[PDB]
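Peer 1:
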Amino acid sequence: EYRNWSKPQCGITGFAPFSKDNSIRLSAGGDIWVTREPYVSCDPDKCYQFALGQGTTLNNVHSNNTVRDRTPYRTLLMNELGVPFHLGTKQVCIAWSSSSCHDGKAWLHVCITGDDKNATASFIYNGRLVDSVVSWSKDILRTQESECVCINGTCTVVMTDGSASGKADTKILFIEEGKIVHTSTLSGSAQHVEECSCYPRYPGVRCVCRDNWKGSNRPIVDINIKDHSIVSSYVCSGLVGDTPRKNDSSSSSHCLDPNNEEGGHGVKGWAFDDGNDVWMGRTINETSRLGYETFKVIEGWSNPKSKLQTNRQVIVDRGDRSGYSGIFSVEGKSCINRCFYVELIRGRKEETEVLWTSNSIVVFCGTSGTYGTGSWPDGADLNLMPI
Amino acid sequence: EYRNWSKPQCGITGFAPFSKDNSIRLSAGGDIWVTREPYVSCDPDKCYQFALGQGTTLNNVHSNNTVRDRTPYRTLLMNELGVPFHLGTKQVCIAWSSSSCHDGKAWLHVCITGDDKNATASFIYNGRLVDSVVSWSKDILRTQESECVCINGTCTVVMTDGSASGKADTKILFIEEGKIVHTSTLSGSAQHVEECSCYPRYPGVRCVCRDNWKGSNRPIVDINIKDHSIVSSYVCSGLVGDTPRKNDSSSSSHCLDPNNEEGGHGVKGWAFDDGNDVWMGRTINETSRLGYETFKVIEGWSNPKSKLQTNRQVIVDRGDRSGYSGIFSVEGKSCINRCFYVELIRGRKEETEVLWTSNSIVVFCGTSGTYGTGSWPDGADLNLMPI
Amino acid sequence: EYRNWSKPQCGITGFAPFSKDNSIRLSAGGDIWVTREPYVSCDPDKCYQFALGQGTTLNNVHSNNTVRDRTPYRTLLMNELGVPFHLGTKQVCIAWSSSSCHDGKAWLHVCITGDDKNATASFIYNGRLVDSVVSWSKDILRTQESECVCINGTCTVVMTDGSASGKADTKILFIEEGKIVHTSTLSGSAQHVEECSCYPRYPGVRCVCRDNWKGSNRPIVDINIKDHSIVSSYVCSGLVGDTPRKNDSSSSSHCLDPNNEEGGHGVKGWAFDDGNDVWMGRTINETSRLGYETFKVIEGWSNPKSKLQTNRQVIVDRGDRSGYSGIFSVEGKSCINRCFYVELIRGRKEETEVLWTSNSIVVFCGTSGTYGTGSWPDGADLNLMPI
Amino acid sequence: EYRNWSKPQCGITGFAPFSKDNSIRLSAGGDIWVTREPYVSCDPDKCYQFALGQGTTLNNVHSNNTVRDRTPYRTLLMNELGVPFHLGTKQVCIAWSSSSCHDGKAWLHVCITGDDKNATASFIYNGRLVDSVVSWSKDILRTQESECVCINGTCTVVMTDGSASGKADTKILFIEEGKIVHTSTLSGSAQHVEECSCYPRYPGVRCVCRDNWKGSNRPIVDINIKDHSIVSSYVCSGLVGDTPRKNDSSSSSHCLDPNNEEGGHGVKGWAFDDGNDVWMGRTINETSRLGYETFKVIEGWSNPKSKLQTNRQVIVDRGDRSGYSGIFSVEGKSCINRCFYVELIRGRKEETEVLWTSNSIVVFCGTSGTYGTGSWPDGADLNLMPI
Amino acid sequence: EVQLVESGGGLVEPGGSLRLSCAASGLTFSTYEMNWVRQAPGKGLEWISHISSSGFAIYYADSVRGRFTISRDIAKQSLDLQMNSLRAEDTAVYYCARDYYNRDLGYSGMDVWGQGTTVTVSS
Amino acid sequence: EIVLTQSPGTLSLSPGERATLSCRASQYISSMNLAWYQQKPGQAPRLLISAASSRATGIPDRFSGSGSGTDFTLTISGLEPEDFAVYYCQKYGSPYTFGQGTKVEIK
Ligand SMILES: *[C@@H]1O[C@H](CO)[C@@H](O[C@@H]2O[C@H](CO)[C@@H](O[C@@H]3O[C@H](CO[C@H]4O[C@H](CO[C@H]5O[C@H](CO)[C@@H](O)[C@H](O)[C@@H]5O)[C@@H](O)[C@H](O[C@H]5O[C@H](CO)[C@@H](O)[C@H](O)[C@@H]5O)[C@@H]4O)[C@@H](O)[C@H](O[C@H]4O[C@H](CO)[C@@H](O)[C@H](O)[C@@H]4O[C@H]4O[C@H](CO)[C@@H](O)[C@H](O)[C@@H]4O)[C@@H]3O)[C@H](O)[C@H]2NC(C)=O)[C@H](O)[C@H]1NC(C)=O
Ligand SMILES: *[C@@H]1O[C@H](CO)[C@@H](O[C@@H]2O[C@H](CO)[C@@H](O[C@@H]3O[C@H](CO[C@H]4O[C@H](CO[C@H]5O[C@H](CO)[C@@H](O)[C@H](O)[C@@H]5O)[C@@H](O)[C@H](O[C@H]5O[C@H](CO)[C@@H](O)[C@H](O)[C@@H]5O)[C@@H]4O)[C@@H](O)[C@H](O[C@H]4O[C@H](CO)[C@@H](O)[C@H](O)[C@@H]4O[C@H]4O[C@H](CO)[C@@H](O)[C@H](O)[C@@H]4O)[C@@H]3O)[C@H](O)[C@H]2NC(C)=O)[C@H](O)[C@H]1NC(C)=O
Ligand SMILES: *[C@@H]1O[C@H](CO)[C@@H](O[C@@H]2O[C@H](CO)[C@@H](O)[C@H](O)[C@H]2NC(C)=O)[C@H](O)[C@H]1NC(C)=O
Ligand SMILES: *[C@@H]1O[C@H](CO)[C@@H](O)[C@H](O)[C@H]1NC(C)=O
Ligand SMILES: *[C@@H]1O[C@H](CO)[C@@H](O)[C@H](O)[C@H]1NC(C)=O
Ligand SMILES: *[C@@H]1O[C@H](CO)[C@@H](O)[C@H](O)[C@H]1NC(C)=O
Ligand SMILES: [Ca+2]
Ligand SMILES: [Ca+2]
Ligand SMILES: [Ca+2]
Ligand SMILES: [Ca+2]
């Protein structure tokens, strides 16, 4: 009944289209929740999409000024991959930060809400509020914004608390049926760790995070579930994936330390490893969240100074808007497949012809077959939609 | 197998956020039922929210003047906890008063409807109309407006019939698979008993009610399901929980009788006991339903004249409307947890910029871990909402 | 697995409120199907409501002139009892006449559609189109508009074909898993038989129909499942149930033949027997369908010239609109309970401040306990409702 | 658990009405997806309707200019048969071409999307992305637009790639649990094979396709599900089923080769065989997609020059709009039944009073009983529908 | 009002080069296949070049093949045609146009055309 | 070279009548790939017909082309002052090819 992810990793030559929600296009006529920060997670049967909704629908007077991320009204919405966030959507907890697991028996939700200074993280398992934690650093407590990973019933959640752009405390929480059985403080070479995309690299969990402090490369957190021992490093490839980042001609990585290049802010993203090569995805742009491309860097997980791509794909066109992206793993018949989702953000903070901010999602999965080209933007026309 | 509630009570140091429906905020855009008097109840798998809907949505011409509580059109609406009362909501009986149990096998609904003098109570079990009762006092027959409690298949429902302010006849009905097997008249020191919040204090049921006639402390009804034994008293803590109530410095209780202080009304509410201490929740305002705070009074279940709080929480702030609140118990892995819900009323009852009255719900559950601070109001802006 | 209805009939002293849909009130704000001719039927778990929808919602341009009863667009809509006919309603067949059974294994739908003269009746069982029949009299083929009854898998459907004002052919079809195994022509003293309300009076089926030729009393069709024998008579009570009817001071019956009193038209209705007494329901007005009352006539199933009511109830007030009503039986723990539904019609049939015609439903079930008084109209205000 | 369609074919004398969705009529009031290219497929329990939605609703600003067939926003929508494509519809893949199977265990979806020249076909089984293929001819890769057929777990999908006015490579793909186990290039007398309607003619699959070059008769592809051997020919009946076609007085087939008569631009359709006779359906108008009739040609599957029609039915009236139609088989108790669906197209490119293009569906199934006459158009009035 | 607009044509001596630019808003270069088609003064329309939707597959007429390239740059969602080694036979009114081919309807047709750019190659 | 000859050199007709223009292909061309445009001298060619029978948006139902096999025809129910322009066939494919040009004149 429990899920161990014991199978090998599927052979991946690229990613094929899997899902699209068309949320903003349907919002022009319909009752669709104003969301942001989505992700995808699958129980052993099918896959579900999650989002953080702002407590209102797009065509609602309350959709005004929804660019804020921490309000008492944001909740965690869960539908089935494909069903748009209509008014029948079940909102499963109060949260302005969230993460979700399925251990093979029941769903686990980690939901952070509360005042920014003093915040609370509720751990909900099988429809019960099983546990709760308070901020340790008395700052904005926050978590992965994507799926967490369970192996042998023990699920792992990475939670950060501390400076937005400074040293912060990060912990890894080991949860059993909603109860927190252990908590390990982060240790290693990664200085700033946020919004991690974790995947089961049996016998452990490997997370690729964002560096919001002094890096354009992504941190790596290796959690060994059995001994609760944490290792930290950086993604070693010379083609770094955070945005803002420097030109491909002049970008660098350290494989241990932040590169100290255009590391002021960042975006949530993903990466995983195929032998020595690294499969990664990033925005085509290096200063705005415009476009999205995935590719493979040869010897990119072991060697810096390597800038040799292969199997490049353009998931979202260079002129179109993207956002947070993340990884989730799907248990196949004989191996474990890796899929990713891209969040396509539309609205205020950039497009000033509307008063709202929302997102759509586009989902791709790895394939051992062949694939073509394409581009799957959001597609909404905001010049005609209601303000 | 039936819910016997045999496990101990979970260790409670406070309550953590569990759910929020954002009904009024979504009602501005979208079709949402106009409701009031909600509650929560859980079958052994998940939790459901119930409400008494006025037979109309909010962006509706029939939403005009919905402050009345007894109309032929109010029905009992049931969804999963989290799903807002959209137009797909199943309305499970005709009722302007209601209560609901789950005995581990099927749902029980007690639904009161009918003319004010001569009213009927239908008992519906497993989708059948199993039983029915008429008013005994030929007055407004009414019930708990929250969940009832079953142990070993025998549920218990507290029903009052008689004057609003004055002596009234209260009975405890023992139901088996929808059939009323016994009926005990209330006996003890509690004079007026209404809108009870009951919880399984194995081996019996303990209900904390409202005194709408001559007390601002809450009555206590101890029902023993096994031997049909009823005992009545009052909540003994010096910090009384009803509203209207007197200021903390000048409040009293009697542990047997009404306190006679601002007892000319009340609000349904809850309280339970942890050893000698009492965990309770009430509105912040003492002459209105504004705000909501929960805390623990030390030796408050055994000693009057005790005004020693601890573990205070502010669930809703002092300028934000609150309303009915109630308790419901959730069977955990090794103990029984206590949760409460608060009804956030918004409407022409007190406000006058809208013609309707509705409510939103916020749900908290007890925790043995730590928690922070916050405030979770309804959030609707009625200056802009539909007209 | 099959359903055989073997238990006795429950002791009935009256009927208690069971359900209300508030369709017209919700149609003012929200998308609700335009329906008419509803009924209720229950599988061994819960109960479902069915209706014949006109292929449009109420706030629709196509809602205009929906007073017609035979269009290519009417379909059969099915929800759970309580859920209003929103846009997510599953429409289960093309039909402008319909009937539905549940034999304990799967649902059976009889659906009549097509040209008035040459029509088609499709028999759908377990989601398959199992059988089909054509008009025998080359006229408006029509059926019960309420539930049919299955005993030992063999379900029975009464279908009429031929002129309403005149002699017409009526057949009883015996269906097994959707396949028509037998067909018996009607024989007995009932001359005109339409829109029958059938119930399992084990070991057979008893149907109370309407007579649209001169009559005013209701026909009775006794079918025997084992031998496909058919007996016909008339409801013997002196208080006749059809509308139009005489007054109540000077009306009679014949217990074998039509009484020839104000028999020009009729209303679909119900009646059943408790020993020698008859439990029946009819409209309060006798020259229009306004109001609805149920009562018991003592020795009304065996003796004409009996006008001795008892246990009268006013389900819908005499100033409010009603319509088709019907019976359905629910298997209890130790006996078989009888419930009825009333259709509350609102529209341009008779009220001309709107261009549409629709209905709501109100459902009552028999009870062995006590009950009060009340009135549960539709409640819609058409002076304000959407144009 | 697997499904082998081993039973014989049911005796068919005609087709009886089975379902209607009324999509366009409901779209006038309410939020309904803009779709086209629908079909029907059934798992062993019930039946589902699929469509290719344009990523928007009809009362939407994005509903303009939806006459295009290949956009990044079209997805595959799936509901139960009868439920209209409301906003709660689950969209199961990104696709502007699609096909769907159920092998008795899980659903298989073949979804084609991407750039016209370089395109991608994703094979999704049991909620996983199992396989993927690229265009072989670097042209518009396309598939059946109706259900595919599985026998003993091996499903078969016919996919065409290339130009009509040019060399088109058609392949038959044999899929096992989502994985492509074999691929056979088309061989035989059929030059073009587009948009095939396939049915299990045990022990194999028989598909009736459309010819868009030099043909008004339909191609036939006989797939041996076991030896993976393909045979091709043409429907031999003298009454050809494509449109544009000749006038029956002047028509002809070749039973091996295209007839070279008004062969320019076909319409997807169906046909199957009853002994030597052919059951077929086509539009009543010979040049436009107006009306729809089905009939039986005697010795039409094995004799060109046969023009003996029989058992003719008029499903959609000759002056009403129709479109794509297709076949799907339903496993009965003792035989295999054949049903068809007709797509009723409404909107731009033929009715210039609206800016959108959408469709409704009408579903009929074969019957061994009798049936009448009728006509079931879409019924939408586009002169009033909202603009 | 505004649609596909082409520009950049001018007098050049024979044997020279030129670049022609069509830029368009809403009638995007993202969704439709694009075509350059010219017309000699008082002659029949001659199609010269076709660019696919993804700007990968390119076809040229026999007359201009090998001296002309139709290419697209993301700048403002626009497409250009580079002409080199021009001749006196290339005087025309060059047009940019958009087309689609439905798999169920067939050629959409060049529904939207530019205004036209006049080129006179002379010394 | 699939050379589309537009057969009438000029319809040369009097106003307010039917005008039937022709278009003959060298080899059997599928009617899907064919379109008809109106080029009024001095302006861009305006689409009239697509797929040899389908009318263009904003174009009145007066224009109704048809045809098949190798030959196609464009029929105008009534000529009006604007209708007087050149009319071109066109065929999708590698390469595209236009027609030589069919004019329609007054009187
Ligand atoms: C971050 O989040 C957390 C929540 O997780 C927030 O913490 C919570 O904060 C609230 C608000 O402060 C606390 O509630 C308050 O508790 C006090 C009682 O508790 C205090 O006094 C205890 C009594 O001790 C006395 O005696 C001992 C010797 O015996 C002396 O040493 C003491 O100094 C005192 O004289 C004391 O024992 C408590 O400390 C212990 O317990 C706490 C809680 O378990 C632990 O944290 C400690 O570690 C320690 O173990 C503690 O010092 C109540 O009195 C407060 O109620 C009053 O205040 C309200 C304010 O509006 C008011 O409405 C009430 O009427 C009431 O009024 C009091 O003051 C009035 C002044 O005029 C008097 O008139 C009136 O009579 C009355 O006296 C309140 O309940 C929560 O306990 C605390 N919860 C936790 C930690 O779990 C934290 O604030 C957040 N932080 C940030 C950054 O915002
Ligand atoms: C609270 O809720 C409850 C539940 O809803 C309500 O109770 C219900 O109320 C209705 C309406 O009152 C009752 O139905 C009515 O029943 C009477 C018949 O029953 C009466 O007469 C019986 C026969 O009496 C004979 O014998 C006595 C002496 O013993 C003689 O004096 C008589 O003349 C007769 O010969 C008698 O047996 C009944 O007694 C029963 O009830 C009493 C308590 O009331 C008990 O003590 C007894 O033990 C026993 O249980 C009873 O007295 C019908 O006659 C009524 O129908 C008529 O009245 C309607 C209103 O006027 C009218 O619309 C109908 O047309 C009909 O007309 C009668 O009068 C006409 C002239 O107007 C005549 O032309 C016509 O022919 C006819 O005679 C009605 O059916 C329900 O039974 C009762 N239900 C229950 C379970 O109690 C209660 O009303 C509610 N209270 C409040 C505060 O609202
Ligand atoms: C990205 O490329 C741009 C364009 O060349 C760089 O801008 C110049 O970078 C060089 C150093 O490589 C400086 O000498 C110039 O002064 C810069 N500007 C000018 C005027 O061209 C830019 O710095 C590159 N970014 C990196 C370092 O990745
Ligand atoms: C309640 O039921 C559970 C399960 O059978 C049992 O273990 C427990 O002892 C019961 N408690 C009581 C006291 O009935
Ligand atoms: C299909 O499977 C059924 C049940 O196993 C079997 O009876 C039938 O003969 C099979 N079909 C054939 C001919 O293989
Ligand atoms: C289907 O399965 C049966 C065995 O159950 C087998 O005999 C038959 O050959 C199979 N048919 C094919 C070829 O799919
Ligand atoms: Ca950074
Ligand atoms: Ca009080
Ligand atoms: Ca009559
Ligand atoms: Ca053809």
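Residue numbers (the numbering used here), protein chains in the order written: chain U, 4 to 390; chain A, 4 to 390; chain F, 4 to 390; chain D, 4 to 390; chain X, 129 to 251; chain B, 138 to 244. Using N, Cα and C, we set each Cβ at its ideal position, and we do this for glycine too.
For residue 298 (chain A) and residue 277 (chain A), what's the separation of their Cα atoms in angstroms?
Peer 2: So the two alpha carbons sit approximately 12 angstroms from each other.
Peer 1: Could you round the C-beta distance between residue 290 (chain F) and residue 228 (chain F) to whole angstroms and report it? I think they count as a contact, below 8 angstroms.
Peer 2: Not really, about 39 angstroms apart at Cβ, beyond 8 angstroms.
Peer 1: I want to verify the contact list: residues of chain U whose CB lies under 7 angstroms from the CB of residue 150 (chain A), in sequence order.
Peer 2: Here the premise fails: no neighbours, minimum Cβ distance about 16 angstroms.
Peer 1: Taking 7 angstroms as the cut-off, is the beta-carbon of residue 154 (chain D) closer than that to any non-hydrogen atom of ligand 6?
Peer 2: Correct: residue 154 (chain D) has its Cβ closer than 7 angstroms to ligand 6.
Peer 1: Is residue 46 (chain A) close to ligand 8? I mean its beta-carbon at under 7 angstroms from any heavy atom of the ligand.
Peer 2: Checking every heavy atom of ligand 8 against the Cβ of residue 46 (chain A), none is found closer than 7 angstroms.
Peer 1: Using DSSP's beta-bridge definition, name the partner residues of residue 147 (chain B).
Peer 2: In the DSSP output, where bridge partners are listed per residue, residue 147 (chain B) has B:240.
Peer 1: Ignore the nearest five residues each way along the sequence and tell me which others in residue 135 (chain D)'s own chain have a CB closer than 8 angstroms to its CB.
Peer 2: If we look at residue 135 (chain D) and ignore the five residues flanking it on each side, its Cβ neighbours are 123, 124, 125, 126.
Peer 1: Expressed to the nearest angstrom, what Euclidean distance is found between the alpha-carbon atoms of residue 67 (chain F) and residue 88 (chain U)?
Peer 2: Taking the straight line joining both Cα atoms gives about 33 angstroms.
Peer 1: Where does the unbroken beta strand (DSSP E) through residue 149 (chain U) begin, and where does it stop?
Peer 2: That residue, residue 149 (chain U), is in no beta strand (DSSP E); it is neither H nor E in DSSP.
Peer 1: Measuring CA to CA, which of F:132, F:172, F:25 is closest to residue 57 (chain A)?
Peer 2: When only C-alpha atoms are compared, the closest one is F:25.
Peer 1: Can a CB atom of chain D be found closer than 8 angstroms to the CB of residue 230 (chain B)?
Peer 2: Answer yes: the Cβ-Cβ gap between residue 230 (chain B) and chain D drops below 8 angstroms somewhere.
Peer 1: Just to check my reading of the structure: residue 275 (chain U) and residue 202 (chain U) have Cβ atoms closer than 8 angstroms, yes? What is that Cβ distance to the nearest angstrom?
Peer 2: 6 angstroms between Cβ atoms; contact.
Peer 1: With three or more C-beta pairs closer than 8 angstroms as the rule, is the region 183 to 199 of chain U touching the region 210 to 227 of chain U?
Peer 2: The region 210 to 227 of chain U is in contact with the region 183 to 199 of chain U.
Peer 1: When the cut-off is 8 angstroms and only beta carbons count, does residue 184 (chain X) lie next to chain D?
Peer 2: Chain D, which has a Cβ nearer than 8 angstroms to the Cβ of residue 184 (chain X), makes this yes.
Peer 1: Can you pull out the residues from the region 63 to 95 of chain A whose beta carbon lies closer than 7 angstroms to at least one beta carbon of chain U?
Peer 2: Those residues of the region 63 to 95 of chain A that come within reach of chain U (Cβ to Cβ, closer than 7 angstroms) are 83, 85, 86, 87, 89, 91.
Peer 1: Quick one, are the C-beta atoms of residue 223 (chain D) and residue 237 (chain D) less than 8 angstroms apart?
Peer 2: Cβ distance < 8 angstroms, so residue 223 (chain D) and residue 237 (chain D) count as in contact.
Peer 1: Can you pull out the residues from the region 362 to 383 of chain A whose beta carbon lies closer than 9 angstroms to at least one beta carbon of chain F?
Peer 2: For the region 362 to 383 of chain A, which is checked against every Cβ of chain F, not one residue is closer than 9 angstroms.
Peer 1: For a test of the three-state rule: what should DSSP assign to residue 289 (chain U), helix, strand or coil?
Peer 2: Looking at residue 289 (chain U) - three-state DSSP - the assignment turns out to be coil, as it is neither helix nor strand.
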